[PDB]
Amino acid sequence: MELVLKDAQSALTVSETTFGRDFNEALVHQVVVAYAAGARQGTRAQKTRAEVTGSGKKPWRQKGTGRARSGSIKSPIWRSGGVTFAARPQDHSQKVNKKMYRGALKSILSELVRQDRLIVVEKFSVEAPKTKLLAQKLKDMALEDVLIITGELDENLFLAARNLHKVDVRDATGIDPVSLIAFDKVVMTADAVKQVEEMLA
Amino acid sequence: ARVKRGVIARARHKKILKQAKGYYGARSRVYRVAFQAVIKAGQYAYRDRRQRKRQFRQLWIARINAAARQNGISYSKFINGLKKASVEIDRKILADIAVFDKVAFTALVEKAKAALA
Amino acid sequence: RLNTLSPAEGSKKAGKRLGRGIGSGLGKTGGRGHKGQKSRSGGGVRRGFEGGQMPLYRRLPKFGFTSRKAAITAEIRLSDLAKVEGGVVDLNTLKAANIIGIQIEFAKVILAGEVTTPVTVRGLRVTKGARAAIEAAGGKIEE
Amino acid sequence: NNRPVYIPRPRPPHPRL
Amino acid sequence: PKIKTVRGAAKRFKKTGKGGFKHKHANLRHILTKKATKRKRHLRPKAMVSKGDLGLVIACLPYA
RNA sequence: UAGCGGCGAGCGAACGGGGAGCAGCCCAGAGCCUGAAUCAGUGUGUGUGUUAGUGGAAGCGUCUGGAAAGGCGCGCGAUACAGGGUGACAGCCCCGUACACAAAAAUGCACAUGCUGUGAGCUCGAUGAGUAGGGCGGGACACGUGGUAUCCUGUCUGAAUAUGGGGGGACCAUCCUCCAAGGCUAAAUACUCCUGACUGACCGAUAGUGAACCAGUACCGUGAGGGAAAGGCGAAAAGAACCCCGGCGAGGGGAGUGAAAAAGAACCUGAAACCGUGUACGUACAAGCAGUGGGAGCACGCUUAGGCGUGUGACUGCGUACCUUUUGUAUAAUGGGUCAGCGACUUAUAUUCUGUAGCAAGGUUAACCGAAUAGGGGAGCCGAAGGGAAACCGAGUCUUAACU
């Protein structure tokens, strides 16, 4: 399909399958959920009745005592020692098929174009590594929360946006569904656009 | 993600104790006993929603029977006369009329007697 | 929009939680009934147990034997016969197509249909209809 | 608060057989 | 760990095309003189596992 | 999976393939040539790192307030809005942070240059004997003595030596492959008593280590050993001068400090059981799961002047707690003195079914590589073809000499 520009007014040709396909609600949600789960690290643990410091001696005899039968000071129904099902460090990452990941990414890109949240422009660069310059460049464009995607990563643009929370700078290869969804506006360079079709295929 | 149940548990206990207000002794103070008292009050309320209808029905019949006999006719005869005369006044109105309007009841018994004869 | 995505209806069920109140349905033993071996924690009978009666897999007699030659043989379809490499098919170069496996050293061709390109097979065996199918296509058989 | 220690036999040795 | 097949079961049941199982009849080992030829002949061919005990067979050999 | 197995419960390979990492040598000996490479130990020099550190940008006015970092208005820094503190929430008040620098002295690592010690290269020869193997008894290999190969060993025996010997799963012949009875060798691998930084859909004082409070302490035991409870004033002690009751008390009432003293150290919030004082109503002729339905009177308030609400409740109909276990419980069958807190279907890997999503006669990768939730990687697994014990055949196959 045809992607219009706002600065050079130059036509761009892009496959409609990767930019004009329908929006799959179910597929995108699964990929987004999978991405969040993969961000976890699951560094937690408790002590079961075997790992609690203590001794296995019976608190009192089985019979004769007037109170409930007890077996150990570390039973889960006892104060200061227990946890019936203690947690262990676990991996929460889940598998997502390559095609499913690509399909969700294609679905997300198409809808950004439909909601005009995606803006394609020519090369986006800053002459000097100054956050002030980048802020001015984004101010006249009426953009405050933007994700800058460029074909080639340059330290000059990387340093300029480092201290800008609402602004992110990324490469085409390092593109994730969550970032595209989260950011209000996405700006893609002409080079950045081309690499997307090649990797998306 | 440990979850503490102090806030929720206290809310549930307060709700039961509020419903148990006015009961005697631990039934209004202790939750273990208050819960049983509240549940039993619920059973009785459901049961008595049906006994009330029959209890008032008995009261109306007794009032009509006293009023009809005072006019010189038994309750069973009086009701039969009304059915024969095609009168659809129910017991609640009949008892109400007997208590307040004696003349209206006298007309009814007179109408019932005529239908029977 | 990250707070607007939802899953498809019926994708989630929320699972079953046992022993959580009366109105939840399966509370008070959570659907495992009253006393018994099956109701105990960790209880149950192993696979094939019949309560003491001779199990079915013990009442019946073992039969047959395992043939080692069967693990080194495979069957070749007609559909995948023509997508190996050009128009020549042999015991070798099928592993390159990855349709038999490295360890396989015997192969047969069976009638699976959908064969168009004429192909030549050497060192393989074509049962009865594979010979007819390729000959119609324009192939040949030689050992 | 704390369990006793002596724990004597409270039951009386008198079987009713 | 992965499930362990019941080796004894795997030596007595073979899976078929439609998910059934074939087994050898269980009365043709010894004490054969007193048996009629008709009964021995009918026990020779393999037979299908009954429905009632099919569920038991599935558990024993979940892989095969 | 093949196998092992009272062929029960169970145990469970190898060949082969894909990856991480790769490095080969020496003695059993003489000669020629003899620092000839590579190594280990002691000096010098370069680089880097550790052990102290230095600089480090940019805000003010009004409103609320005990106090603003908050609201409102207008500014500036950012290769620094990572964090912590500051009288409520700070990019611009402070410590820090990105960034750029720093070592007299001691040190690990990678190089170049000296010394010490064994030691290059070529020819010829040699090439591990009470050993291999065997009998008996055991053990280890998935392999429980079984038809049982292979390895190790207590006991008794015992070769050939390269025209020789070992193995190829009883064993024999033919072939293929290797050379035991002498040794050395970093890499990928396992763990954290300890040190630094960083992270967490981990805990937040009955939790988290037994121990957030000088806790393995108090305390218990002859001893090995067992083993607690206990966190929170306020921004700042500004921790209550002084007066009065009292026993030069305790405790209290004033005064003062503070935004707040029902924040006064018995100190944030301050629930429940439990214990009290006051007010309204009821109760000393009335029998029982103590409620429920009806209901007079009384005391408070509301509009209207009749009721509506709140509390109490004479009198009256009906009514023998809950849980558990049972054919069946008010049962005199079990359990609970009460309150608060904690306390029981979880987790990992496989397999089957259902729903849903992707792709579709195809589907999908694992380890691993990867400036890395991407992309590579198709080793492999499942499916499209079954029948037979198997060879084998194949939309057929098996059964049988062969099928109506």
Side-chain angles (χ1 to χ4, degrees), chain A residues 24 26-27 30 34-35 38-47 52-55 57 76-82 84-85 87-88 90 93 96-101 103 129-132 155 159-160 162-165 173-176 199, chain B residues 1-2 6 10 13 23-27 29-33 35-37 39-41 43-45 47-49 51-52 55-56, chain C residues 7-13 16-19 30 32 41 46 58 62-71 75 77 79 98 102-103 108 110-112 127-129, chain E residues 1-4 7-8 11 17 44-45 58 62-63:
Chain A
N24 189 316
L27 173 54
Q30 180 177 357
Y35 194 94
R40 302 175 75 168
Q41 63 188 41
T43 58
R44 64 188 290 233
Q46 293 90 24
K47 319 193 155 294
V52 161
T53 310
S55 83
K57 169 78 199 283
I77 62 170
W78 279 58
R79 192 186 156 279
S80 83
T84 310
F85 307 110
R88 299 292 179 90
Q90 47 177 348
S93 80
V96 55
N97 309 335
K98 295 176 183 288
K99 284 182 195 176
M100 286 185 73
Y101 180 81
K130 302 288 269 161
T131 65
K132 182 176 171 66
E155 69 275 16
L159 293 173
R162 211 156 71 164
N163 205 29
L164 278 296
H165 175 211
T173 60
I175 195 165
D176 60 281
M199 65 179 288
Chain B
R2 187 149 177 277
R10 160 154 68 254
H13 286 196
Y23 298 167
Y24 162 76
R27 300 166 63 90
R29 305 166 157 74
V30 165
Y31 172 86
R32 294 177 65 88
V33 181
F35 190 81
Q36 282 164 225
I39 292 288
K40 182 65 72 68
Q43 312 180 57
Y44 286 154
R47 188 205 62 198
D48 293 343
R49 266 195 286 283
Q51 284 190 356
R52 169 171 57 215
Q55 257 171 28
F56 272 107
Chain C
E9 61 86 20
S11 308
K12 311 300 187 95
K13 296 295 294 298
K16 288 170 73 169
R17 304 177 67 212
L18 308 188
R32 78 182 39 217
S41 162
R46 59 187 163 76
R58 298 267 296 287
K62 57 169 69 159
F63 69 100
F65 79 102
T66 300
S67 164
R68 301 172 42 79
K69 210 186 212 201
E75 65 183 1
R77 316 230 169 195
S79 74
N98 203 39
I102 193 66
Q103 183 62 255
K108 282 180 81 71
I110 46 162
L111 187 153
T127 60
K128 182 63 69 177
Chain E
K2 59 176 76 176
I3 307 170
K4 289 226 179 178
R7 309 300 295 149
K11 292 172 191 172
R44 223 184 283 129
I58 299 298
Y63 268 107

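Every heavy atom of this structure was used, including side-chain atoms; hydrogens, water molecules and symmetry mates were not. Every chain is numbered from 1, with letters handed out A, B, ... down the list of sequences.
- A/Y35 comes within 4.0 angstrom of a nucleotide base, judged by non-hydrogen atoms across all strands.
- Neither OP1 nor OP2 of F/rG208 sits under 4.0 Å from any side-chain N or O of A/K47.
- Note: OH (E/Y63) to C1' (F/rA2) measures 17 Å, nearest angstrom.
- Using a 4.0 Å heavy-atom criterion, one finds that C/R32 contacts the bases of the nucleic acid, with or without backbone contacts as well.
- Counting to the nearest Å, the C1' atom of F/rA357 and the OH atom of A/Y101 are 17 Å from each other.
- In terms of phosphate contacts, C/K108 brings no side-chain nitrogen or oxygen within less than 4.0 Å of OP1 or OP2 of F/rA385.
- Residue A/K57 is out of contact with every strand shown, counting any heavy-atom pair closer than 4.0 Å.
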Before you tell me yes or no, could you show the steps for A/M100 and A/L27 under side chain to side chain contact (heavy atoms under 4.5 Å, CB included), namely the whole-Å CA-CA distance, both residues' side-chain angles and the distance that decides it to 0.1 Å? CA-CA 7 Å; A/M100 286 185 73; A/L27 173 54; 3.6 Å; yes
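- F/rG17 and F/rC368 have their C1' atoms separated by 15 Å, given to the nearest Å.
- Pairing check for F/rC184 against F/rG154: the Watson-Crick or wobble criterion is not satisfied at the 3.5 Å limit.
- Of the nucleotides present, F/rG254 is the one that pairs with F/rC242 by Watson-Crick or G-U wobble criteria, both distances under 3.5 Å.
- Under the Watson-Crick and G-U wobble criteria, each requiring two contacts below 3.5 Å, nucleotide F/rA360 is left unpaired.
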Show the distances under 3.5 angstrom between N or O atoms of the protein and N or O atoms of nucleotides 14-18 of chain F.
none

For nucleotides 352-354 of chain F, which of its nitrogen or oxygen atoms have a protein nitrogen or oxygen under 3.5 Å away, and what is each distance?
none

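- Picking from F/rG343, F/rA273, F/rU349 the nucleotide with the shortest atom distance to the side chain of B/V30 gives F/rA273.
- Rounded to whole angstrom, the span from the CG atom of C/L111 across to the P atom of F/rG396 amounts to 8 Å.
- Rounded to whole angstrom, the span from the CD atom of A/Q90 across to the P atom of F/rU346 amounts to 13 Å.
- F/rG3 and F/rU54 make neither a Watson-Crick nor a G-U wobble pair with both donor-acceptor distances under 3.5 Å.
- Environment of CD1 in E/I58: crowded, with over 12 heavy atoms of neighbouring residues, nucleotides or ligands closer than 6.0 Å.
- At F/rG77, none of the side-chain N or O atoms of A/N163 fall inside 4.0 Å of OP1 or OP2 (strictly under the cut-off).
- As the counterpart of F/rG301, F/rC308 is assigned, both hydrogen-bonding distances of the Watson-Crick or G-U wobble pattern falling under 3.5 Å.
- Residue B/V33 is classed as having no contact, given no heavy-atom separation below 4.0 Å to the nucleic acid.
- Between A/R162 and F/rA80 there is a side-chain polar atom (N or O) within less than 4.0 angstrom of OP1 or OP2.
- The ring pair (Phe, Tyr, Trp, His ring centres under 6.0 Å) test applied to A/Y101 returns no partner, not counting sequence neighbours.
- Applying the 4.0 Å criterion to OP1 and OP2 of F/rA395, one finds that C/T127 has a side-chain N or O inside that range.
- A sub-4.0 Å separation between OP1 or OP2 of F/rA82 and a side-chain N or O of A/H165 is absent.
- Across all strands shown, C/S67 has heavy atoms under 4.0 Å from sugar-phosphate atoms exclusively, and none from any base.
- Within 4.0 Å (heavy atoms only), C/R77 reaches at least one base atom of the nucleic acid.
- Across all strands shown, B/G6 has heavy atoms under 4.0 Å from sugar-phosphate atoms exclusively, and none from any base.
- OP1 or OP2 of F/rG12 sits under 4.0 Å from a side-chain N or O of E/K4.
- For F/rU292, the OP1/OP2 oxygens have a side-chain nitrogen or oxygen of B/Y23 closer than 4.0 Å.
- A Watson-Crick or G-U wobble pair links F/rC60 with F/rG73, both defining distances under 3.5 Å.
- Between F/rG75 and F/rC92 there is a Watson-Crick or G-U wobble pairing whose two distances both come in under 3.5 Å.
- Here C/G19 lies out of heavy-atom contact (under 4.0 Å) with every strand.
- Residue B/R29 is classed as a sugar-phosphate contact, given heavy-atom separations below 4.0 Å to backbone atoms only.
- The bases F/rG147 and F/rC281 are not paired as Watson-Crick or G-U wobble with both atom distances under 3.5 Å.
- Here F/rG147 presents its P atom at 20 Å from CZ of C/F65, a figure rounded to the nearest Å.
- Residue A/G82 is out of contact with every strand shown, counting any heavy-atom pair closer than 4.0 Å.
- Among the heavy atoms of the strands lying under 4.0 Å from A/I77 are primed sugar atoms or P, OP1, OP2 only; no base atom is included.
- Axis angle across the helix from F/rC39-F/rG117 to F/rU50-F/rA106, with five pairs used at each end and values rounded to 10°: 10°.
- The heavy-atom pair separating C/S79 from C/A112 by the smallest distance is N-CB, 4.3 Å.
- Phosphate contact (OP1/OP2 of F/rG77, side-chain N/O of A/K132, threshold under 4.0 Å): present.
- Residue C/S11 places none of its side-chain N or O atoms closer than 4.0 Å to OP1 or OP2 of F/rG355.
- Distances shorter than 4.0 Å separate some side-chain N or O of A/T131 from OP1 or OP2 on F/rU79.
- Contacts of E/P45 with the nucleic acid, taken as non-hydrogen atoms under 4.0 Å apart, are absent.
- Partners of B/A41 by side-chain contact (heavy atoms from CB on, under 4.5 Å), not counting sequence neighbours, listed by chain and number: B/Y23.
- Environment of CZ in B/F35: sparse, with no more than 12 heavy atoms of neighbouring residues, nucleotides or ligands closer than 6.0 Å.
- No contact: A/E155 has no heavy atom under 4.0 Å from any strand.
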Do nucleotides 197-202 of chain F as a string where each nucleotide becomes B, S or -: B if the base has a protein heavy atom under 4.0 Å, S if just the sugar-phosphate does, - if no protein is that close. --BBBS
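- Ring stacking is absent between B/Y44 and F/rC318, as the pair misses the limits of under 5.5 Å between centres and under 30 degrees between planes.
- Of all nucleotides present, none satisfies the Watson-Crick or G-U wobble test against F/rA120 with each distance under 3.5 Å.
- Nucleotide F/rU312 is annotated as unpaired relative to F/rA350 [Watson-Crick or G-U wobble, both distances under 3.5 Å].
- Regarding contacts with the backbone of F/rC342, every side-chain N or O of A/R79 stays at 4.0 angstrom or more from both OP1 and OP2.
- With both hydrogen-bonding distances under 3.5 Å, F/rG335 and F/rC322 qualify as a Watson-Crick or G-U wobble pair.
- Note on A/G54: only backbone sugar-phosphate atoms sit closer than 4.0 angstrom, heavy atoms only; bases stay farther off.
- OP1 and OP2 of F/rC289 both lie 4.0 Å or more from every side-chain N or O belonging to B/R27.
- In this model, the phosphate group of F/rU292 is not approached by any side-chain N or O of B/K40 to a distance below 4.0 Å at OP1 or OP2.
- Between F/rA280 and F/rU148 there is no base pair of the Watson-Crick or G-U wobble kind with both donor-acceptor distances below 3.5 Å.
- With the cut-off at 3.5 Å for both distances, F/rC175 forms a Watson-Crick or G-U wobble pair with F/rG168.
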